[PDB]
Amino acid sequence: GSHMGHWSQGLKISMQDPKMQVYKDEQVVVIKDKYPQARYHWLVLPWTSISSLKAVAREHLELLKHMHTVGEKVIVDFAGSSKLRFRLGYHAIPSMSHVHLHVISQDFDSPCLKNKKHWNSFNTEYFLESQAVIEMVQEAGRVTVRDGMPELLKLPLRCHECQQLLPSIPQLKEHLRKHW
């Protein structure tokens, strides 16, 4: 198949779709995550094309901080009255091209959370905190990630609120109800 039409390039299309955009400025766009992993799940993307955190340098430091600020503004404007906790961050090994910041509520109440990979990609070191990535670019000048990230996606399910271990996705979903 074509490069432009490959599944991995899908964010490049969505980020230009008015129906998916929730905020735009001179630097970034915010879209709804197409397969959200919680009640509120947005992606913040710069207009400028940066393939992934591997291509990030200090020239992009203001941009990463702006993406974070914009993420926090979307939370306030769209979910401020909700009592929800949010995290902002990056997958250590993304699947989709074009750097994108995840802005995600911590209920994890969603039909798109279907497997252990989904869970662990938001609930282990595989989810790099936005602030951590920002600080690493500032102090080290580039983003590095340790070996062994794929193995994290296979860890036993553990609740992010109370650390209880759960034997299955259905049982995890039932358990998470208690933390609403």
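Numbering starts at 1 and follows the sequence shown.
Legend: mean Cα B-factor per stretch from the PDB entry, 100-108 versus 72-80; the higher mean is in 72-80.
For the two regions 146-154 and 58-66, the entry's Cα B-factors average higher over 146-154. The deposited CA B-factor of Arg85 belongs to the highest third of values across its chain. Ranked against the other modelled residues of its chain, the C-alpha B-factor of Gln163 as given in the entry falls in the highest third.
When all modelled residues of the chain are sorted by CA temperature factor, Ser14 is found within the middle third. Per-chain ranking of the deposited C-alpha B factor places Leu53 in the highest third. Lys114: CA B factor lies in the highest third for its chain, per the PDB record.
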